[PDB]
């Protein structure tokens, strides 16, 4: 109710609870949280950008290939980290909708 | 190296025909009716004069 926009709307109801009867050591009660927000897209968008800030200039790269790598291995993995940002882009700001797109009944009035 | 490899499908597209609507919604006709029959009935004399 207080935060309705900060749920994804195609996941109507979003919470999974567990209750153990026992606290940890300390105070009478505590609660652990685990979140899955598209917000973390701002973790990957940073590292891909700082990868790009090393990769063209090739700085340090000789030590990675040196132990064993080809340049293709970096190039599929940064591309991976771009594909994952596009998964969050697919799954951010999308709506509550039906199985597939569909066309409505129009205006046809000509007579 | 090119970062999008050749190992990957590159199937080129086709002439797909035009799109028909999802639903017809053609007009309906009302079904027919005749009136309800009485079930409990009027009866004649079983006995004469």
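All residue numbers here begin at 1 and follow the chain in the order shown.
Just so you know, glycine gets a Cβ as well, placed from its N, Cα and C.
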Annotation match for phosphoserine in Swiss-Prot, from B:9, B:13: B:13
From the candidates B:24, B:39, the one which Swiss-Prot records as glycation site: B:24
Residue from B:11, B:13, B:23 whose C-alpha is spatially nearest that of residue B:39 (site 'Not glycated'), among the recorded positions: B:23
Position of peak Cβ density within 10 Å, selected from the recorded positions B:23, B:24, B:33, B:39: B:23
Candidate with sparsest Cβ neighbourhood (10 Å radius) among B:1, B:30, the listed modified residues: B:30
